[PDB]
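Input: a single structure, listed below in structure tokens.
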Amino acid sequence: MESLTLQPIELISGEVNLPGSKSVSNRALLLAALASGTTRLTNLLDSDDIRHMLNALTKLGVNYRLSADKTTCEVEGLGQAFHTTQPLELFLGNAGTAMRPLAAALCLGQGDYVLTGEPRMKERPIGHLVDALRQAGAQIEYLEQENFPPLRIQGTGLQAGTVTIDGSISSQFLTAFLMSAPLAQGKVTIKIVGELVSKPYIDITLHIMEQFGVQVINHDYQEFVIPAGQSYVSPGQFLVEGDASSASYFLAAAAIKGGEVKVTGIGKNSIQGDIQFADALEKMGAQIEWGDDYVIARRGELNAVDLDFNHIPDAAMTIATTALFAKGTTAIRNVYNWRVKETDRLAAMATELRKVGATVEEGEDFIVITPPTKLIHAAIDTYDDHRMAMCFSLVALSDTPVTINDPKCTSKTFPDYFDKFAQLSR
Ligand SMILES: O=C(O)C1=C[C@@H](OP(=O)(O)O)[C@@H](O)[C@H](O)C1
Ligand SMILES: O=C(O)C[NH2+]CP(=O)(O)O
Ligand SMILES: [Cl-]
Ligand SMILES: [Cl-]
Ligand SMILES: [Cl-]
Ligand SMILES: [Cl-]
Ligand SMILES: [Mg+2]
Ligand SMILES: [Mg+2]
Ligand SMILES: [Mg+2]
């Protein structure tokens, strides 16, 4: 076990050039592999989740070149589904954006695969996706527990026709099926049976699919039609947006202890839903300036809010620790799927927030946070969850230190987090 103790930080100010978006990166890499032509990606994220995708693509026979700095990557598209001739084991860490999309895509071609990862990934649901894939003819075996990885998949092709996807636990099941659908044997219709959470991530998927030359008919997020005969064609150059979830910590830091912070790589017209974290901060009293390729947060005040955060579940965690600095009791609602992510985040957040002095109601799908007058120095457990480390770093914006256990867990999406935070810490 390792730990990092951050002494109290008296002022936050500066600028951060954001790491690339994890969500965008993994979608673009998979579509680049399937597409015709070479995709020239820039601002790609270097993090564990991307590394696992890259490693899978290597095993799957994709030729690519990654720059020394790991942000520039040229991917030679296969122009078809994967075709492999020896059984492969794909270790996918705890990367949902690799596991879910690859579970679908590997059904399209020819080969034999075991999709696995870290212990926690074996405890994250995938049954809703498998059920839909099987409707379209897939051959998928649960190797351990029913409805969970690890999976054994044999390539079969996916049939034309109508399938049903439950959207209530993860949007990633729909994302995964959408991405594979153009390579099915004909027109695909996806009917949603179990209302959709994390809706903005579907918007990301559709947007990037269009960049790669594929049209999808979205009938009010309840039915999606993917017309027949389409193929992915590389857009050529592809710029990955900066990560809006990663930005949340620095915008919040300014809201708490600024000063002002400018983050670059996201702006008013970015596709990522998590830019909407800035709208929530603004409701708390931060001053927000929107640019085209930047967002600025400036200290104003911090008042508690009571909002539905289903649209921004990842950045919503940042509100939980920001709430420690707000006037009044904050409620973060409609975030059930916190429970099925890197850890059970509702349980973890409740435990750790109480350790720094907050009083907390942990609801089934919500959390209510009453800040302490005086923050307590605690050794925060991070649960193999990058965001627990990043959210709790903000505690040091008080007059009190915070100790972060296993600080390297930030590597899932943001290996250089602490250095960027330090840059701002005056
Ligand atoms: O599709 C995506 O890129 C993501 C979807 C979200 O998952 P859910 O749809 O399960 O909320 C989010 O938590 C994850 O970090 C990224
Ligand atoms: O990044 C996050 O906060 C949640 N990730 C879930 P995954 O991307 O592993 O499905
Ligand atoms: Cl920087
Ligand atoms: Cl309590
Ligand atoms: Cl409780
Ligand atoms: Cl402690
Ligand atoms: Mg289990
Ligand atoms: Mg109809
Ligand atoms: Mg205990």
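Naming works like this for the structure tokens: A, B, ... for the chains as they're shown, residue 1 at the start of each chain, ligands 1 onward in shown order.
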Do a neighbour search on residue 79 (chain A) at 8 Å with only C-alpha atoms, toss out local chain neighbours closer than 2 positions, and write the hits as a PDB file with N, CA, C and O atoms, in the first residue's frame.
```pdb
ATOM      1  N   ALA A  33     -10.211   0.989 -36.105  1.00  0.00           N
ATOM      2  CA  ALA A  33      -9.811  -0.384 -36.427  1.00  0.00           C
ATOM      3  C   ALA A  33     -10.749  -1.019 -37.441  1.00  0.00           C
ATOM      4  O   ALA A  33     -10.325  -1.759 -38.298  1.00  0.00           O
ATOM      5  N   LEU A  34     -12.044  -0.788 -37.297  1.00  0.00           N
ATOM      6  CA  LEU A  34     -13.039  -1.378 -38.179  1.00  0.00           C
ATOM      7  C   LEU A  34     -13.167  -0.667 -39.525  1.00  0.00           C
ATOM      8  O   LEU A  34     -13.589  -1.279 -40.507  1.00  0.00           O
ATOM      9  N   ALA A  35     -12.840   0.608 -39.566  1.00  0.00           N
ATOM     10  CA  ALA A  35     -13.011   1.414 -40.752  1.00  0.00           C
ATOM     11  C   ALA A  35     -12.023   1.112 -41.853  1.00  0.00           C
ATOM     12  O   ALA A  35     -10.994   0.468 -41.651  1.00  0.00           O
ATOM     13  N   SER A  36     -12.373   1.629 -43.025  1.00  0.00           N
ATOM     14  CA  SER A  36     -11.463   1.683 -44.153  1.00  0.00           C
ATOM     15  C   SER A  36     -10.613   2.947 -44.006  1.00  0.00           C
ATOM     16  O   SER A  36     -11.091   3.983 -43.538  1.00  0.00           O
ATOM     17  N   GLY A  37      -9.345   2.851 -44.379  1.00  0.00           N
ATOM     18  CA  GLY A  37      -8.449   3.984 -44.328  1.00  0.00           C
ATOM     19  C   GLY A  37      -7.690   4.075 -43.012  1.00  0.00           C
ATOM     20  O   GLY A  37      -7.983   3.377 -42.048  1.00  0.00           O
ATOM     21  N   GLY A  77      -6.943   0.996 -40.676  1.00  0.00           N
ATOM     22  CA  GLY A  77      -8.199   0.319 -40.558  1.00  0.00           C
ATOM     23  C   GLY A  77      -8.232  -0.996 -41.299  1.00  0.00           C
ATOM     24  O   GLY A  77      -7.648  -1.142 -42.385  1.00  0.00           O
ATOM     25  N   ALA A  81     -14.746  -6.536 -40.048  1.00  0.00           N
ATOM     26  CA  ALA A  81     -14.677  -7.126 -38.712  1.00  0.00           C
ATOM     27  C   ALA A  81     -13.343  -7.843 -38.514  1.00  0.00           C
ATOM     28  O   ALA A  81     -12.590  -8.137 -39.459  1.00  0.00           O
ATOM     29  N   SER A 231     -20.763   1.309 -44.219  1.00  0.00           N
ATOM     30  CA  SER A 231     -19.433   0.882 -43.744  1.00  0.00           C
ATOM     31  C   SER A 231     -18.730   2.074 -43.133  1.00  0.00           C
ATOM     32  O   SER A 231     -18.914   3.209 -43.561  1.00  0.00           O
ATOM     33  N   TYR A 232     -17.916   1.812 -42.128  1.00  0.00           N
ATOM     34  CA  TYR A 232     -17.126   2.864 -41.547  1.00  0.00           C
ATOM     35  C   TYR A 232     -15.987   3.240 -42.498  1.00  0.00           C
ATOM     36  O   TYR A 232     -15.283   2.378 -43.025  1.00  0.00           O
ATOM     37  N   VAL A 233     -15.819   4.545 -42.678  1.00  0.00           N
ATOM     38  CA  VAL A 233     -14.744   5.103 -43.474  1.00  0.00           C
ATOM     39  C   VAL A 233     -14.060   6.141 -42.580  1.00  0.00           C
ATOM     40  O   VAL A 233     -14.697   7.024 -41.991  1.00  0.00           O
TER      41      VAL A 233
END
```
Can you pull out every residue within 12 Å of residue 419 (chain A), counting only C-alpha atoms, but drop anything in the same chain fewer than 5 positions away, and send it as a list in words? residues 6, 16, 250, 390, 393, 407, 408, 410, 414, 424 and 425 of chain A
Exercise: residue 338 (chain A) partners within 9 Å, only C-alpha atoms, chain neighbours under 3 positions left out, as JSON, numbers by chain: {"A": [313, 314, 335, 341, 342, 343, 344, 345, 346, 347, 365]}
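Closest to ligand 4 among A:384, A:369, A:403, A:164 is A:369, based on only C-alpha atoms and all ligand atoms.
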Return the single residue from A:318, A:85, A:7, A:13 that is closest to residue 397 (chain A), with distances computed using only C-alpha atoms. A:7
Can you tell me, as a PyMOL selection string, what residues are no more than 7 Å from residue 139 (chain A) when counting only C-alpha atoms, ignoring any on the same chain fewer than 3 positions away? chain A and resi 134+153-154+156
Nearby residues, ligand 4, 7 Å, only C-alpha atoms and all ligand atoms, as a PyMOL selection string: chain A and resi 354+358-361
Next, dump the selected residues to file, keeping only N, CA and C atoms, as a PDB file, in the first residue's frame.
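The resulting file, result-v3.pdb, is shown below:
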```pdb
ATOM      1  N   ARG A 354     -17.972  10.745   5.429  1.00  0.00           N
ATOM      2  CA  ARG A 354     -18.154  10.760   6.879  1.00  0.00           C
ATOM      3  C   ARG A 354     -16.810  10.838   7.615  1.00  0.00           C
ATOM      4  N   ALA A 358     -18.366  14.941   7.304  1.00  0.00           N
ATOM      5  CA  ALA A 358     -19.716  15.178   6.811  1.00  0.00           C
ATOM      6  C   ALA A 358     -20.707  14.214   7.457  1.00  0.00           C
ATOM      7  N   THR A 359     -21.969  14.629   7.506  1.00  0.00           N
ATOM      8  CA  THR A 359     -23.076  13.728   7.851  1.00  0.00           C
ATOM      9  C   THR A 359     -23.776  13.419   6.512  1.00  0.00           C
ATOM     10  N   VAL A 360     -24.083  12.149   6.298  1.00  0.00           N
ATOM     11  CA  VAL A 360     -24.477  11.667   4.984  1.00  0.00           C
ATOM     12  C   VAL A 360     -25.595  10.659   5.036  1.00  0.00           C
ATOM     13  N   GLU A 361     -26.625  10.904   4.238  1.00  0.00           N
ATOM     14  CA  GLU A 361     -27.644   9.898   3.986  1.00  0.00           C
ATOM     15  C   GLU A 361     -27.304   9.212   2.661  1.00  0.00           C
TER      16      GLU A 361
END
```
Which of A:319, A:68, A:158, A:394 sits closest to residue 367 (chain A) [using only C-alpha atoms]: A:319
Please produce, as CSV, a per-residue contact table for region 183-224 of chain A versus region 289-312 of chain A (criterion: any atom at most 7 Å away, only C-alpha atoms considered), showing the nearest atom pair and its distance in Å to one decimal, sorted by chain then residue number.
```
residue,atom,partner,partner_atom,distance
A:197,CA,A:310,CA,6.4
A:198,CA,A:311,CA,5.1
A:199,CA,A:311,CA,6.1
A:200,CA,A:311,CA,6.3
```
Write the residues you've just listed into a file as a PDB file, in the first residue's frame, and include N, CA and C atoms for each of them.
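File produced: again30.pdb:
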```pdb
ATOM      1  N   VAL A 197     -30.320   5.470 -19.031  1.00  0.00           N
ATOM      2  CA  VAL A 197     -29.508   6.330 -18.176  1.00  0.00           C
ATOM      3  C   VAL A 197     -28.306   6.827 -18.984  1.00  0.00           C
ATOM      4  N   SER A 198     -27.626   7.830 -18.442  1.00  0.00           N
ATOM      5  CA  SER A 198     -26.367   8.335 -19.030  1.00  0.00           C
ATOM      6  C   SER A 198     -26.557   8.695 -20.506  1.00  0.00           C
ATOM      7  N   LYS A 199     -27.671   9.345 -20.800  1.00  0.00           N
ATOM      8  CA  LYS A 199     -28.038   9.651 -22.170  1.00  0.00           C
ATOM      9  C   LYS A 199     -26.962  10.375 -22.996  1.00  0.00           C
ATOM     10  N   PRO A 200     -26.264  11.361 -22.425  1.00  0.00           N
ATOM     11  CA  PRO A 200     -25.269  12.071 -23.256  1.00  0.00           C
ATOM     12  C   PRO A 200     -24.208  11.162 -23.871  1.00  0.00           C
TER      13      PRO A 200
END
```
Among region 349-426 of chain A, which residues does DSSP mark as strand (DSSP E) when it is run on the backbone? Keep the chain and numbering as in the structure and answer as a ChimeraX atom specification. /A:359-362,366-370,379-380,402-405
Contacts of ligand 9, 12 Å or closer, only C-alpha atoms and all ligand atoms, given as a count of residues only: 8
Surrounding residues as a list in words, ligand 3, max 7 Å, only C-alpha atoms and all ligand atoms: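 Listed by chain and ascending number, the contacts are residues 15, 16, 17, 18 and 420 of chain A.
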Any chance you can output those residues with N, CA and C atoms as an mmCIF file, in the first residue's frame?
```cif
data_model
loop_
_atom_site.group_PDB
_atom_site.id
_atom_site.type_symbol
_atom_site.label_atom_id
_atom_site.label_comp_id
_atom_site.auth_asym_id
_atom_site.auth_seq_id
_atom_site.Cartn_x
_atom_site.Cartn_y
_atom_site.Cartn_z
ATOM 1 N N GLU A 15 -3.916 27.280 -15.226
ATOM 2 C CA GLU A 15 -4.447 26.728 -16.457
ATOM 3 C C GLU A 15 -3.978 25.291 -16.631
ATOM 4 N N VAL A 16 -4.876 24.457 -17.139
ATOM 5 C CA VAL A 16 -4.572 23.058 -17.403
ATOM 6 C C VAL A 16 -4.961 22.701 -18.827
ATOM 7 N N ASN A 17 -4.010 22.138 -19.569
ATOM 8 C CA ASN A 17 -4.264 21.545 -20.886
ATOM 9 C C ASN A 17 -4.751 20.103 -20.591
ATOM 10 N N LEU A 18 -6.016 19.842 -20.829
ATOM 11 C CA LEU A 18 -6.595 18.584 -20.398
ATOM 12 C C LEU A 18 -6.042 17.367 -21.095
ATOM 13 N N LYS A 420 -0.897 17.875 -12.251
ATOM 14 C CA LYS A 420 -1.728 18.996 -12.749
ATOM 15 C C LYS A 420 -2.374 19.739 -11.579
#
```
List every residue of chain A that has an atom at most 9 Å from any atom of ligand 2, and for each one report the closest atom pair and its distance in Å to one decimal, counting only C-alpha atoms and all ligand atoms, with rows sorted by chain and then by increasing residue number, as JSON lines.
```
{"residue": "A:22", "atom": "CA", "partner": "ligand 2", "partner_atom_place_in_ligand_line": "8 (O)", "distance": 7.7}
{"residue": "A:23", "atom": "CA", "partner": "ligand 2", "partner_atom_place_in_ligand_line": "8 (O)", "distance": 7.3}
{"residue": "A:49", "atom": "CA", "partner": "ligand 2", "partner_atom_place_in_ligand_line": "9 (O)", "distance": 7.6}
{"residue": "A:93", "atom": "CA", "partner": "ligand 2", "partner_atom_place_in_ligand_line": "9 (O)", "distance": 8.7}
{"residue": "A:94", "atom": "CA", "partner": "ligand 2", "partner_atom_place_in_ligand_line": "9 (O)", "distance": 5.5}
{"residue": "A:95", "atom": "CA", "partner": "ligand 2", "partner_atom_place_in_ligand_line": "9 (O)", "distance": 4.1}
{"residue": "A:96", "atom": "CA", "partner": "ligand 2", "partner_atom_place_in_ligand_line": "10 (O)", "distance": 3.2}
{"residue": "A:97", "atom": "CA", "partner": "ligand 2", "partner_atom_place_in_ligand_line": "8 (O)", "distance": 5.0}
{"residue": "A:98", "atom": "CA", "partner": "ligand 2", "partner_atom_place_in_ligand_line": "8 (O)", "distance": 8.0}
{"residue": "A:99", "atom": "CA", "partner": "ligand 2", "partner_atom_place_in_ligand_line": "10 (O)", "distance": 8.1}
{"residue": "A:100", "atom": "CA", "partner": "ligand 2", "partner_atom_place_in_ligand_line": "10 (O)", "distance": 7.9}
{"residue": "A:121", "atom": "CA", "partner": "ligand 2", "partner_atom_place_in_ligand_line": "9 (O)", "distance": 8.2}
{"residue": "A:124", "atom": "CA", "partner": "ligand 2", "partner_atom_place_in_ligand_line": "10 (O)", "distance": 8.7}
{"residue": "A:170", "atom": "CA", "partner": "ligand 2", "partner_atom_place_in_ligand_line": "10 (O)", "distance": 8.3}
{"residue": "A:172", "atom": "CA", "partner": "ligand 2", "partner_atom_place_in_ligand_line": "10 (O)", "distance": 7.3}
{"residue": "A:245", "atom": "CA", "partner": "ligand 2", "partner_atom_place_in_ligand_line": "1 (O)", "distance": 7.8}
{"residue": "A:313", "atom": "CA", "partner": "ligand 2", "partner_atom_place_in_ligand_line": "3 (O)", "distance": 7.4}
{"residue": "A:314", "atom": "CA", "partner": "ligand 2", "partner_atom_place_in_ligand_line": "3 (O)", "distance": 4.3}
{"residue": "A:315", "atom": "CA", "partner": "ligand 2", "partner_atom_place_in_ligand_line": "3 (O)", "distance": 7.4}
{"residue": "A:317", "atom": "CA", "partner": "ligand 2", "partner_atom_place_in_ligand_line": "3 (O)", "distance": 8.2}
{"residue": "A:338", "atom": "CA", "partner": "ligand 2", "partner_atom_place_in_ligand_line": "4 (C)", "distance": 8.2}
{"residue": "A:340", "atom": "CA", "partner": "ligand 2", "partner_atom_place_in_ligand_line": "6 (C)", "distance": 8.4}
{"residue": "A:341", "atom": "CA", "partner": "ligand 2", "partner_atom_place_in_ligand_line": "6 (C)", "distance": 5.2}
{"residue": "A:342", "atom": "CA", "partner": "ligand 2", "partner_atom_place_in_ligand_line": "6 (C)", "distance": 6.1}
{"residue": "A:385", "atom": "CA", "partner": "ligand 2", "partner_atom_place_in_ligand_line": "3 (O)", "distance": 8.0}
{"residue": "A:386", "atom": "CA", "partner": "ligand 2", "partner_atom_place_in_ligand_line": "3 (O)", "distance": 7.6}
{"residue": "A:387", "atom": "CA", "partner": "ligand 2", "partner_atom_place_in_ligand_line": "3 (O)", "distance": 6.1}
{"residue": "A:412", "atom": "CA", "partner": "ligand 2", "partner_atom_place_in_ligand_line": "1 (O)", "distance": 8.0}
{"residue": "A:413", "atom": "CA", "partner": "ligand 2", "partner_atom_place_in_ligand_line": "1 (O)", "distance": 7.1}
```
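Based on only C-alpha atoms and all ligand atoms, the protein and nucleic acid residues found within 7 Å of ligand 7 are, by chain and then by number, residues 122, 123, 145 and 148 of chain A.
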Selected residues written out, N, CA and C atoms, as a compact mmCIF listing (two decimals), in the first residue's frame:
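Result file is result.txt:
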```txt
# COMPACT_ATOMS: atom_id res chain seq x y z
N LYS A 122 -15.13 -8.48 -13.27
CA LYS A 122 -15.95 -9.70 -13.19
C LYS A 122 -17.20 -9.51 -12.33
N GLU A 123 -17.27 -8.39 -11.63
CA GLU A 123 -18.39 -8.06 -10.80
C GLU A 123 -19.19 -6.87 -11.36
N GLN A 145 -19.73 -16.32 -13.50
CA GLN A 145 -21.11 -16.02 -13.16
C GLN A 145 -21.95 -15.56 -14.37
N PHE A 148 -22.21 -11.69 -16.11
CA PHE A 148 -20.96 -10.98 -15.82
C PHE A 148 -19.84 -11.53 -16.67
```
Residues up to 12 Å from ligand 8, counting only C-alpha atoms and all ligand atoms: could you list those as a list in words? residues 162, 189, 190, 191, 217, 218, 219, 220, 222, 223, 224 and 225 of chain A
Emit the selected residues as an mmCIF file, in the first residue's frame, including N, CA, C and O atoms.
```cif
data_model
loop_
_atom_site.group_PDB
_atom_site.id
_atom_site.type_symbol
_atom_site.label_atom_id
_atom_site.label_comp_id
_atom_site.auth_asym_id
_atom_site.auth_seq_id
_atom_site.Cartn_x
_atom_site.Cartn_y
_atom_site.Cartn_z
ATOM 1 N N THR A 162 -34.483 -6.826 -35.495
ATOM 2 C CA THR A 162 -34.807 -6.068 -34.303
ATOM 3 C C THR A 162 -34.367 -6.772 -33.031
ATOM 4 O O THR A 162 -34.651 -7.959 -32.844
ATOM 5 N N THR A 189 -32.542 -2.796 -36.002
ATOM 6 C CA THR A 189 -33.400 -1.949 -35.196
ATOM 7 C C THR A 189 -33.142 -2.303 -33.733
ATOM 8 O O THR A 189 -33.153 -3.474 -33.380
ATOM 9 N N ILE A 190 -32.862 -1.301 -32.910
ATOM 10 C CA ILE A 190 -32.635 -1.505 -31.476
ATOM 11 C C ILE A 190 -33.761 -0.812 -30.730
ATOM 12 O O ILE A 190 -33.902 0.422 -30.811
ATOM 13 N N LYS A 191 -34.569 -1.603 -30.021
ATOM 14 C CA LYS A 191 -35.671 -1.096 -29.193
ATOM 15 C C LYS A 191 -35.263 -1.067 -27.724
ATOM 16 O O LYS A 191 -34.818 -2.068 -27.179
ATOM 17 N N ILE A 217 -30.692 6.396 -37.339
ATOM 18 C CA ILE A 217 -31.984 7.021 -37.181
ATOM 19 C C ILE A 217 -32.381 6.869 -35.689
ATOM 20 O O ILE A 217 -32.584 5.743 -35.204
ATOM 21 N N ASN A 218 -32.453 7.991 -34.970
ATOM 22 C CA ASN A 218 -32.779 7.992 -33.573
ATOM 23 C C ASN A 218 -34.229 8.469 -33.411
ATOM 24 O O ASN A 218 -34.539 9.650 -33.625
ATOM 25 N N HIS A 219 -35.111 7.524 -33.091
ATOM 26 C CA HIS A 219 -36.502 7.843 -32.863
ATOM 27 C C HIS A 219 -36.675 8.075 -31.362
ATOM 28 O O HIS A 219 -36.971 7.144 -30.596
ATOM 29 N N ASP A 220 -36.403 9.312 -30.937
ATOM 30 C CA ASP A 220 -36.591 9.766 -29.542
ATOM 31 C C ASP A 220 -35.941 8.916 -28.440
ATOM 32 O O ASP A 220 -36.475 8.781 -27.328
ATOM 33 N N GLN A 222 -35.783 5.876 -27.969
ATOM 34 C CA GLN A 222 -36.542 4.659 -27.649
ATOM 35 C C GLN A 222 -36.362 3.579 -28.701
ATOM 36 O O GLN A 222 -36.608 2.411 -28.433
ATOM 37 N N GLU A 223 -35.955 3.982 -29.897
ATOM 38 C CA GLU A 223 -35.734 3.063 -30.999
ATOM 39 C C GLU A 223 -34.665 3.681 -31.878
ATOM 40 O O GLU A 223 -34.710 4.874 -32.167
ATOM 41 N N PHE A 224 -33.704 2.857 -32.278
ATOM 42 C CA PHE A 224 -32.621 3.270 -33.177
ATOM 43 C C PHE A 224 -32.614 2.367 -34.384
ATOM 44 O O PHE A 224 -32.724 1.142 -34.235
ATOM 45 N N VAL A 225 -32.541 2.953 -35.575
ATOM 46 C CA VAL A 225 -32.491 2.168 -36.810
ATOM 47 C C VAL A 225 -31.174 2.462 -37.491
ATOM 48 O O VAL A 225 -30.812 3.633 -37.681
#
```
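The binding environment of ligand 6, defined as every protein, DNA or RNA residue with an atom no more than 8 Å away and counting only C-alpha atoms and all ligand atoms, comprises residues 355, 377, 378, 379 and 380 of chain A.
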Tell me, which residues of region 35-176 of chain A carry DSSP helix (DSSP H, G or I), written as a PyMOL selection string? chain A and resi 48-59+96-105+119-123+127-135+172-176
Generate a file of the selected residues that holds N, CA and C atoms, formatted as a compact mmCIF listing (two decimals), in the first residue's frame.
```
# COMPACT_ATOMS: atom_id res chain seq x y z
N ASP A 48 -4.79 3.78 -18.41
CA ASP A 48 -4.96 2.33 -18.43
C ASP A 48 -6.08 1.88 -19.37
N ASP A 49 -7.21 2.60 -19.35
CA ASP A 49 -8.35 2.16 -20.14
C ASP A 49 -8.02 2.14 -21.63
N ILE A 50 -7.25 3.11 -22.10
CA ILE A 50 -6.83 3.17 -23.51
C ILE A 50 -5.77 2.12 -23.78
N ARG A 51 -4.84 1.95 -22.86
CA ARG A 51 -3.79 0.95 -23.05
C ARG A 51 -4.40 -0.45 -23.24
N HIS A 52 -5.43 -0.77 -22.48
CA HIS A 52 -6.08 -2.08 -22.62
C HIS A 52 -6.74 -2.22 -24.00
N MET A 53 -7.33 -1.14 -24.50
CA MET A 53 -7.93 -1.17 -25.84
C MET A 53 -6.83 -1.38 -26.90
N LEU A 54 -5.76 -0.59 -26.80
CA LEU A 54 -4.62 -0.71 -27.74
C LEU A 54 -4.04 -2.10 -27.73
N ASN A 55 -3.89 -2.68 -26.54
CA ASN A 55 -3.34 -4.02 -26.44
C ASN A 55 -4.27 -5.06 -27.08
N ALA A 56 -5.57 -4.88 -26.92
CA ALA A 56 -6.55 -5.77 -27.55
C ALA A 56 -6.42 -5.65 -29.07
N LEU A 57 -6.38 -4.42 -29.57
CA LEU A 57 -6.24 -4.19 -31.01
C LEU A 57 -4.96 -4.84 -31.56
N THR A 58 -3.86 -4.76 -30.81
CA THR A 58 -2.63 -5.46 -31.19
C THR A 58 -2.89 -6.96 -31.36
N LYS A 59 -3.50 -7.58 -30.35
CA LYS A 59 -3.77 -9.01 -30.44
C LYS A 59 -4.70 -9.38 -31.59
N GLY A 96 -14.70 -0.45 -18.87
CA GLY A 96 -15.99 -0.71 -19.48
C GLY A 96 -16.05 -0.31 -20.94
N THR A 97 -15.37 0.78 -21.29
CA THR A 97 -15.38 1.27 -22.68
C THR A 97 -14.52 0.43 -23.63
N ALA A 98 -13.80 -0.57 -23.10
CA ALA A 98 -13.21 -1.62 -23.92
C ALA A 98 -14.10 -2.90 -23.84
N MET A 99 -14.41 -3.34 -22.63
CA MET A 99 -15.16 -4.59 -22.46
C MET A 99 -16.52 -4.59 -23.17
N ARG A 100 -17.32 -3.56 -22.94
CA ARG A 100 -18.65 -3.54 -23.55
C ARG A 100 -18.58 -3.46 -25.09
N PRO A 101 -17.86 -2.46 -25.64
CA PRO A 101 -17.79 -2.39 -27.10
C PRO A 101 -17.15 -3.58 -27.77
N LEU A 102 -16.10 -4.16 -27.17
CA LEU A 102 -15.46 -5.32 -27.78
C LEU A 102 -16.35 -6.57 -27.67
N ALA A 103 -17.12 -6.70 -26.60
CA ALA A 103 -18.04 -7.85 -26.48
C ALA A 103 -18.96 -7.91 -27.70
N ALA A 104 -19.46 -6.76 -28.12
CA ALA A 104 -20.28 -6.69 -29.33
C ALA A 104 -19.44 -6.89 -30.60
N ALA A 105 -18.34 -6.15 -30.73
CA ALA A 105 -17.63 -6.16 -32.00
C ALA A 105 -17.03 -7.52 -32.33
N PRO A 119 -10.39 -8.34 -11.06
CA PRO A 119 -11.50 -8.90 -10.28
C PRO A 119 -12.76 -8.04 -10.31
N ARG A 120 -12.63 -6.72 -10.17
CA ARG A 120 -13.83 -5.88 -10.15
C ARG A 120 -14.61 -5.96 -11.45
N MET A 121 -13.93 -6.10 -12.58
CA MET A 121 -14.64 -6.18 -13.87
C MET A 121 -15.54 -7.40 -13.92
N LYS A 122 -15.13 -8.48 -13.27
CA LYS A 122 -15.95 -9.70 -13.19
C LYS A 122 -17.20 -9.51 -12.33
N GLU A 123 -17.27 -8.39 -11.63
CA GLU A 123 -18.39 -8.06 -10.80
C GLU A 123 -19.19 -6.87 -11.36
N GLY A 127 -24.96 -8.59 -18.75
CA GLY A 127 -26.04 -9.43 -19.25
C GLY A 127 -26.96 -8.74 -20.22
N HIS A 128 -27.29 -7.49 -20.00
CA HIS A 128 -28.19 -6.79 -20.90
C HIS A 128 -27.63 -6.74 -22.33
N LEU A 129 -26.31 -6.57 -22.46
CA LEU A 129 -25.67 -6.55 -23.77
C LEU A 129 -25.67 -7.95 -24.37
N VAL A 130 -25.24 -8.93 -23.60
CA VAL A 130 -25.21 -10.32 -24.08
C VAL A 130 -26.58 -10.77 -24.57
N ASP A 131 -27.63 -10.42 -23.83
CA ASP A 131 -28.98 -10.80 -24.22
C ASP A 131 -29.32 -10.27 -25.61
N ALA A 132 -28.98 -9.01 -25.89
CA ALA A 132 -29.26 -8.42 -27.20
C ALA A 132 -28.43 -9.07 -28.31
N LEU A 133 -27.14 -9.26 -28.03
CA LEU A 133 -26.25 -9.90 -29.01
C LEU A 133 -26.76 -11.30 -29.38
N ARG A 134 -27.17 -12.07 -28.38
CA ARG A 134 -27.71 -13.41 -28.64
C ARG A 134 -28.95 -13.35 -29.51
N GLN A 135 -29.79 -12.34 -29.34
CA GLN A 135 -30.98 -12.19 -30.19
C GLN A 135 -30.58 -12.07 -31.66
N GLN A 172 -23.74 1.87 -21.91
CA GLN A 172 -22.67 1.29 -22.70
C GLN A 172 -23.13 0.08 -23.48
N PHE A 173 -24.19 -0.60 -23.02
CA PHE A 173 -24.71 -1.76 -23.75
C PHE A 173 -25.26 -1.28 -25.11
N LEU A 174 -26.06 -0.22 -25.07
CA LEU A 174 -26.57 0.40 -26.30
C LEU A 174 -25.41 0.95 -27.15
N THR A 175 -24.46 1.66 -26.55
CA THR A 175 -23.30 2.13 -27.30
C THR A 175 -22.61 1.00 -28.04
N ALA A 176 -22.40 -0.10 -27.34
CA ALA A 176 -21.69 -1.24 -27.91
C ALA A 176 -22.43 -1.81 -29.10
```
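Proximity of A:213, A:368, A:392, A:193 to residue 322 (chain A), computed with only C-alpha atoms, is greatest for A:392.
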